[PDB]
Amino acid sequence: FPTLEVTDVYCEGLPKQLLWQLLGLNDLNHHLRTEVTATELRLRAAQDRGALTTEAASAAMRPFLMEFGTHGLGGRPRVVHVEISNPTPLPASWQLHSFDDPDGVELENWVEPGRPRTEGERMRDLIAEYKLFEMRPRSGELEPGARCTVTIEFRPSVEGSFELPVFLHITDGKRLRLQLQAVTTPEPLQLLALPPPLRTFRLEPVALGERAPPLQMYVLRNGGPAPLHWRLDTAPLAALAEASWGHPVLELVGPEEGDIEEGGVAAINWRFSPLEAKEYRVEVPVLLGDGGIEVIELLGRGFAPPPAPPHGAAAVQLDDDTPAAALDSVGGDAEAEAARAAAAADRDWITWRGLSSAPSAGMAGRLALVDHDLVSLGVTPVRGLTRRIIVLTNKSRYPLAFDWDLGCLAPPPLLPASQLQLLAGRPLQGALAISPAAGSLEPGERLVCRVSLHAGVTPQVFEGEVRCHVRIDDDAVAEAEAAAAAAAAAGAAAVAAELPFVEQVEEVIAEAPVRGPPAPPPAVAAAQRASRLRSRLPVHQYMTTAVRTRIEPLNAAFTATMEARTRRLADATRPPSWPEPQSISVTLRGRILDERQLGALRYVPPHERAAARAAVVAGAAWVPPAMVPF
Amino acid sequence: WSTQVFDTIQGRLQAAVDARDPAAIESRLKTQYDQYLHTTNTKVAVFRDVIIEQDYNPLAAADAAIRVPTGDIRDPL
Amino acid sequence: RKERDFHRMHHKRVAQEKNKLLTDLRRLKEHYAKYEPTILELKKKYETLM
Amino acid sequence: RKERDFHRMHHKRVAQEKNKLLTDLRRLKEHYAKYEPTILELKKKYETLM
């Protein structure tokens, strides 16, 4: 069956993992990949002969939520670039259809849809009226392996909520409904980033007797409205501890409260220390500045590790990563691997088949490209210095200033081995650095940037986001213009050398007869006449003085046309270049693991178990020793 | 209607009237009018619809006129 | 086929709108019929009060 | 095309009838907005009388 796949999605100032999670593209890719499509045949039959209706189709088609969240009124519209490709060899023709929207039918003196009298259809009609939700390509067709680069944009100009259902409608294949859900708040009301995978955070299963449970990072984003003041009530966790014979479980490490700026990132570290193999469902509230719940459920399980051998009989040291045997070896429990797979689908973007971890969409209009987005730092030892390289390319013909920022990944004001206590209270428990902090870059120049992580003593799993800000280099462009001006001055000096002391009349004092400008040569006069006759005012719009005096509205129209023609010059004269500074972002995920955990492969994902075993058996990660204090 | 019909026809009228050089227009009209003047001065009389279309062919002036094609109309639909 | 389906749905929609307008027109006729007796009643009460 | 024309004229005639109802509604609304100020003035006189 000719199907489609979403390879990647690009949006301004939002992590690619977060965008994929918010759109729920895992389920979309799965459904578009495999389905018998029993009822879709009936759906196509009803689409034929015009039997289908939007409401019934939505009720029977199991819509998928395209969540755009909340947008402050008057804020910048949000754009979503989705790359659609054909995994199947058969060429795929697809037609985004929605019966409310026009279906390629010519309207001639047909009254627009009347007063709906039902607020759902009314909201649909306001969306249609004010172009709130628009997908540019509409219907398309793709050869096997092609990329369509579809764009869907939302315009936060109206107040209130808006839900618009459209459906993909592949010509021969499945037809899935997407419900674009957004709310535009005229007033600032904090709403934390609340994707369904983040609401129920699937904690990675951990060893029952682990000496130091791995810190697990949870990232909160403000969203559209004003900055969010969050406070997490530890009382349910305290109740859990009291129930668990007074042992700390699901402990919060960071601050209990905080103030995320608009479109910001705040990281909270959890320690999951279990006592049983049972599920540990714990529900915690999030009190915002204004009244709110935003409750978060944490789920984890017990690893039930193989019994630790006595020192006498220990496995000597000097199994395949891919198979499910690896998952079973990482946790003998039947449901431990199920929880691990759920957590992988929740957070590990690599395991998702569709995602490409490439710049993909957004080729046009982006100042620069990171060659490889969504970069994963490998599993690292306790005090490990792990490096990766990311190359940035300037597509713009203009020089670009490149600055590097860390949202929650900032180093404390690499790290000295003795004085690692500075890492206390820091979400990463490591020091991220990039070799170019801020560098200029010429057009078409590719720069290598080394991202290096120096980890601390606390085992951790980080999935952070690092921002790179690209702006047009005003200094460089001004220098170029100044060089051009200097060249022009040199040319003027050369012309002066050619013609010594050309006279220029400084001023005029009482020239008794009025003297006009010198007459041009007749050829130049003819050329100027032809130039004037070009851009001649249109015949039907030129009102003579007599007609203007006779008819006032014609005089007003003539004045308006003069004003319009004067205005037309200003837009041309304005230099349309210098686009807005653009912030790109790359997600980095890594596993700071203890030596015992690495040796036993306790928490390495199956995707990287081969690399973990390599790093254990043969030293593959550096451990900067520095100098001992004593 | 404006964009589909009137904007198109005026845009095609322009870049043709604009393309026509003023000097060429003056020379063309001058050749025509001097041909008419010469036939008026030589021949005893001038008649419409009676010309020999050999010495003086006024319809060549109408032939040398800007022609603009047609596209589509929204109002008539 | 696209045109016939389009016209079918909009024919149904405008028929529904016409029915709603008929009901609203009946209610408006009721209210307007309520209007005119009020003038007479107010006039008689005005006379009695004065 | 036959089906399209059938649905076209059904939809169009229904739309025309809806427009006619709207015009009639406008006419009655004007005709009784003519009367309403008299009710308002009688109300004012009534209040002054109390």
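Protein chains in written order, with the deposited numbering: chain 1B, 1108 to 1425, 1443 to 1537, 1561 to 1777; chain 0K, 145 to 221; chain 0C, 153 to 202; chain 0B, 153 to 202.
Cβ coordinates follow ideal geometry from the N, Cα and C atoms, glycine included.
* Under 7 angstroms between beta-carbons, which chain 0C residues line up against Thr190 (chain 0B)? List them in chain order, please. => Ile191
* Asked: Do the region 1471–1485 of chain 1B and the region 1124–1135 of chain 1B make contact, defined as three or more Cβ pairs closer than 8 angstroms?
  -> yes
* To do: Would you kindly report the start and end of the unbroken alpha helix (DSSP H) that includes residue 238 (chain 0K)?
  => As displayed, chain 0K neither begins before 145 nor continues past 221, which places residue 238 (chain 0K) out of reach and without an answer.
* Three-state secondary structure (DSSP) of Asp1621 (chain 1B) -> helix
* **Helix, strand or coil at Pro1263 (chain 1B) [DSSP, three-state]** => coil
* Note the first and the last residue of the continuous beta strand (DSSP E) segment covering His1188 (chain 1B). => 1185–1192
* Does the distance from the CB of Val1608 (chain 1B) to the CB of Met1324 (chain 1B) come in under 8 angstroms? -> yes
* Closest to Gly1737 (chain 1B) by CA distance: which of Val1494 (chain 1B), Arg1254 (chain 1B), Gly1365 (chain 1B), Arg1512 (chain 1B) is it? -> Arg1512 (chain 1B)
* Measure the C-alpha to C-alpha separation of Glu188 (chain 0C) and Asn171 (chain 0B) and round it to an integer number of angstroms. => Rounded to whole angstroms, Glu188 (chain 0C) and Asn171 (chain 0B) show a C-alpha spacing of 27 angstroms.
* To do: Going by DSSP, name the residue or residues bridged to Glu1364 (chain 1B).
  => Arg1338 (chain 1B)
* To do: Flag this pair as yes or no: are the beta carbons of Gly1409 (chain 1B) and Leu1310 (chain 1B) separated by less than 8 angstroms?
  => no
* Asked: Counting along the chain, where does the alpha helix (DSSP H) carrying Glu188 (chain 0C) start and finish?
  -> 154–201
* Who are the near neighbours of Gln1202 (chain 1B) in its chain, counting only those whose CB is closer than 7 angstroms to its CB and skipping five residues on each side? -> The answer, listed in chain order, is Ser1246, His1276, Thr1278.
* Please name the residues in the region 163–175 of chain 0K whose beta-carbon is closer than 8 angstroms to at least one beta-carbon of chain 1B, in chain order. => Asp165, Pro166, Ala167
* Contact between the region 1371–1385 of chain 1B and the region 1349–1362 of chain 1B: three or more CB pairs below 8 angstroms? -> yes
* To do: Alpha carbon to alpha carbon, how far is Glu1215 (chain 1B) from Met161 (chain 0B)? Give it in angstroms, no decimals.
  => 13 angstroms
* To do: Please confirm whether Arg1284 (chain 1B) and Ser1165 (chain 1B) have their CB atoms less than 8 angstroms apart.
  => The Cβ-Cβ distance between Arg1284 (chain 1B) and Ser1165 (chain 1B) falls below 8 angstroms.
* To do: Return the CA-CA distance between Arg1749 (chain 1B) and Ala1314 (chain 1B), expressed in angstroms with no decimal places.
  => 8 angstroms
* Residue closest to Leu1148 (chain 1B), alpha-carbon to alpha-carbon, out of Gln1286 (chain 1B), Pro1776 (chain 1B), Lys1281 (chain 1B) -> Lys1281 (chain 1B)
* Exposure of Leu1561 (chain 1B), with buried meaning 16 or more beta-carbon neighbours within 10 Å -> In this structure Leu1561 (chain 1B) is exposed. Its beta-carbon is surrounded by fewer than 16 other beta-carbon atoms within 10 angstroms.
* **Own chain residues within Cβ distance below 6 angstroms of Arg1243 (chain 1B), not counting five before or after** => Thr1258
* Could you name the residues of chain 0B that residue 210 (chain 0C) contacts, counting a contact when the two beta carbons are closer than 7 angstroms? => Any property of residue 210 (chain 0C) remains undetermined from this structure, which presents chain 0C solely from 153 to 202.
* To do: Would you mind stating whether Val1764 (chain 1B) and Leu1745 (chain 1B) have Cβ atoms separated by less than 8 angstroms?
  => no
* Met1230 (chain 1B) versus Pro1198 (chain 1B) - alpha carbon distance -> Rounded to the nearest angstrom, the two C-alpha atoms are 36 angstroms apart.
* Asked: So what does DSSP say about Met1690 (chain 1B), is it helix, strand or coil?
  -> Reduced to three states, the DSSP call for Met1690 (chain 1B) is coil.
* Under 6 angstroms Cβ to Cβ from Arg156 (chain 0K), same chain only, skipping five residues before and after it: list those, please. => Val212
* For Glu199 (chain 0C), return the contacting residues in chain 0B, with the cut-off set at a CB-CB distance below 7 angstroms. => Under a criterion of Cβ atoms nearer than 7 angstroms, no residue of chain 0B is adjacent to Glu199 (chain 0C); the nearest Cβ is some 10 angstroms distant.
* Assign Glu1612 (chain 1B) to buried or exposed, taking buried as 16 or more other Cβ atoms, counted over all protein chains shown, within 10 Å of its Cβ. => buried
* Helix, strand or coil for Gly1638 (chain 1B) per DSSP? -> Under the three-state reduction of DSSP output, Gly1638 (chain 1B) falls in the helix class.
* Asked: Going straight from the alpha carbon of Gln1729 (chain 1B) to that of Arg1721 (chain 1B), what length do you get?
  -> 22 angstroms
* Asked: List, in order along the chain, the chain 0C residues whose C-beta lies closer than 8 angstroms to that of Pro1312 (chain 1B)?
  -> By Cβ distance, chain 0C contributes nothing, its closest Cβ being about 53 angstroms from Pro1312 (chain 1B), past 8 angstroms.
* Between the Cα of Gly1331 (chain 1B) and the Cα atoms of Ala1300 (chain 1B), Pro1320 (chain 1B), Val1624 (chain 1B), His1178 (chain 1B), which residue gives the shortest distance? -> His1178 (chain 1B)
* How about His1137 (chain 1B): is its Cβ closer than 7 angstroms to a heavy atom in the ligand PLP? -> Although the ligand PLP was asked about, the structure shown includes no ligands whatsoever.
* 7 angstroms Cβ shell around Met1173 (chain 1B) - same chain, five flanking residues per side excluded -> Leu1130, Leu1285, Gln1286, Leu1287, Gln1288
* Asked: Which residue spans inside the region 1387–1419 of chain 1B form an unbroken beta strand (DSSP E) run of at least 3?
  -> 1389–1391, 1403–1406
* Asked: Three or more C-beta pairs closer than 8 angstroms, one from the region 201–221 of chain 0K and one from the region 1187–1194 of chain 1B: is that the case here?
  -> With a cut-off of 8 angstroms, the region 1187–1194 of chain 1B and the region 201–221 of chain 0K do not count as touching, because too few Cβ pairs lie within range.
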